[PDB]
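Q: give me a 3D structure for the following:
(2 chains)
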Amino acid sequence: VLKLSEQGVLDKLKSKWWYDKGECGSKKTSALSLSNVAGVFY
Amino acid sequence: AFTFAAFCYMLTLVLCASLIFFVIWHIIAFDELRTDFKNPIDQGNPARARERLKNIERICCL
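A: Residues are numbered from 1 along each chain as shown, chains lettered A, B, ... in the order given. See the structure here:
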């Protein structure tokens, strides 16, 4: 177990069975965005 | 979603109607010019010659 942990095997298996097989993805500004004032432009 | 490019496209869409109007005016004026040209260009009447010349000048200025 310890040798595997140092070799990084367990972390790789973690990533594989948690993220490399996840249905979902892998992974800011308060300035007003154009979506807030779209009706004005329309 | 709404973005800068979409607004540009909307504005160009609104402004291209103006270009369509301008070209339609062009072709109408040139159809009138053809009606004047292909039709007999006799200028025996001074009044008729003056009227035709002023029409041509007006269309050119437009």
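Q: C-alpha only now, for contacts and for neighbours.
A: OK.
Q: and the closest residue to residue B:52 other than its chain neighbours, its phi and psi?
A: For residue B:52, ignoring the flanking residues on the chain, the nearest one in space by Cα to Cα, 6 or more residues apart in numbering or on different chains is residue B:36 at 7.9 Å. Torsion angles at residue B:36 (phi, psi; degrees, to the nearest 10) stand at phi -80, psi -30.
Q: could you check how far the spatially most central residue of chain A is from chain B?
A: Nearest to the geometric centre of chain A sits residue A:27, at 1.2 Å (Cα atoms, centre = their mean). Between residue A:27 and chain B the computed distance is 22 Å (Cα to the nearest Cα, to the nearest Å).
Q: distance-wise, check that residue relative to residue A:16.
A: Distance of residue A:27 to residue A:16, computed by Cα to Cα, to the nearest Å: 15 Å.
Q: mind checking the SS state of the residue nearest the centre of chain B?
A: Taking Cα atoms, centre = their mean, the centroid of chain B lies closest to residue B:26, which sits 2.4 Å from it. Three-state call for residue B:26 (DSSP: H, G, I helix; E, B strand; the rest coil): helix.
Q: what's the answer for residue A:22, then?
A: Residue A:22 ends up coil, using three-state DSSP.
Q: who's in contact with the closest residue to residue A:35 other than its chain neighbours?
A: Using Cα to Cα, 6+ apart and skipping the chain neighbours, the partner closest in space to residue A:35 is residue B:2 (6.4 Å). By Cα atoms under 8 Å, 6 or more residues apart in numbering or on different chains, residue B:2 lies in contact with A:34, A:35, A:38.
Q: now, these that are in helices?
A: Of the positions in these, residue A:38 sit in helices, assigned by DSSP state H.
Q: export stretch B:24-38 to PDB, keeping only CA atoms.
A: The C-alpha trace of stretch B:24-38 is given here as PDB (Å, rounded to 0.1, in the frame of the first residue of the first chain):
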ATOM      1  CA  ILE B  24     -33.300  50.200 -56.100                       C
ATOM      2  CA  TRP B  25     -33.300  54.000 -56.600                       C
ATOM      3  CA  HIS B  26     -30.200  53.600 -58.800                       C
ATOM      4  CA  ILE B  27     -31.900  51.100 -61.100                       C
ATOM      5  CA  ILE B  28     -35.100  53.100 -61.200                       C
ATOM      6  CA  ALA B  29     -33.200  56.200 -62.200                       C
ATOM      7  CA  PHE B  30     -31.200  54.300 -64.800                       C
ATOM      8  CA  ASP B  31     -34.500  52.800 -66.200                       C
ATOM      9  CA  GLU B  32     -35.700  56.300 -66.600                       C
ATOM     10  CA  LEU B  33     -32.400  57.300 -68.300                       C
ATOM     11  CA  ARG B  34     -32.900  54.300 -70.700                       C
ATOM     12  CA  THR B  35     -36.500  55.400 -71.400                       C
ATOM     13  CA  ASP B  36     -35.100  58.800 -72.300                       C
ATOM     14  CA  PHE B  37     -32.100  57.400 -74.300                       C
ATOM     15  CA  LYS B  38     -33.600  54.500 -76.300                       C
END
